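Below are the chains, spelled out letter by letter.
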Amino acid sequence: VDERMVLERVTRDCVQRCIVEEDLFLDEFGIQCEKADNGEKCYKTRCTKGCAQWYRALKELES
């Protein structure tokens, strides 16, 4: 129950950092989405895809 707490804490902190740092990085195509677009071009959807795909890469030894 400590391990899931570590999983949910890292997932909460990852989704919180992708919410915070969406306007920080200038993307290479010049994306600049808004705070509530939730579309596939934006930083937040790709970054929450990164915080969705970290645990499955760790068990199955994917980079």
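Residues numbered from 1 in each chain as written, not as in the entry; some residues may be left out. Part of a larger assembly, values for the part shown. Heavy atoms only, no water.

Header annotation of the entry names cryo-EM as the structure determination method and lists the resolution as 4.07 Å.

Asks: I tried to follow the packing of aromatic side chains on my own but got confused; where do I start?
Replies: Each aromatic ring pair is summarised here by two numbers: the centre-to-centre distance and the angle between the ring planes. Taken as a whole, this structure holds two aromatic pairs when the rule is applied. Ring plane angle 10° and centroid distance 6.0 Å describe the contact between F25 and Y43, whose orientation is recorded as stacked. Of this pair, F25 sits in the loop between α1 (2-20) and α2 (43-50) while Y43 sits in helix α2; the two residues are 18 residues apart in sequence, bridging distant segments of the chain. In this structure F25 comes out as partly exposed when scored by relative accessible area, which is 49%. Since its relative accessible area comes to 26%, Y43 is described here as partly exposed. Taken together, a centroid distance of 5.6 Å and an interplanar angle of 50° make the contact between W54 and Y55 tilted. Exposure remark for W54: the relative accessible area of 25% places this residue in the partly exposed category. (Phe/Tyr/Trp six-rings, centres within 6.5 Å; stacked < 30°, edge-to-face > 60°. Helix = DSSP H or I, 4+ residues; strand = E, 2+ residues; numbered from the N terminus. Buried < 20%, exposed > 50% of the residue type's maximum accessible area, 1.4 Å probe, protein only.)

Asks: I keep staring at the state of the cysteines and nothing clicks. Help me out?
Replies: A covalent bond between the sulfur atoms of two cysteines is referred to as a disulfide. On inspection of all chains with the given rule, the structure shows three disulfides. Here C18 is linked by a disulfide to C47, with a sulfur-sulfur distance of 2.0 Å. Across the S-S bond of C18 and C47 the torsion is about -60°, and the bridge reads as left-handed. Of this pair, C18 sits in helix α1 while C47 sits in helix α2, placing them 29 residues apart in sequence. By relative accessible area, which is 3% here, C18 ends up buried. Each sulfur in the disulfide pair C33 and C42 lies 2.0 Å from the other. Between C33 and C42, the disulfide has an S-S torsion of -75° and is therefore left-handed. Each member of the pair, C33 as well as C42, carries the same accessibility label: buried. Among the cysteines of the chain that take part in disulfides, numbered as they appear in the sequence, the pairing is 1-6, 2-5, 3-4. (Disulfide = S-S within 2.5 Å.)

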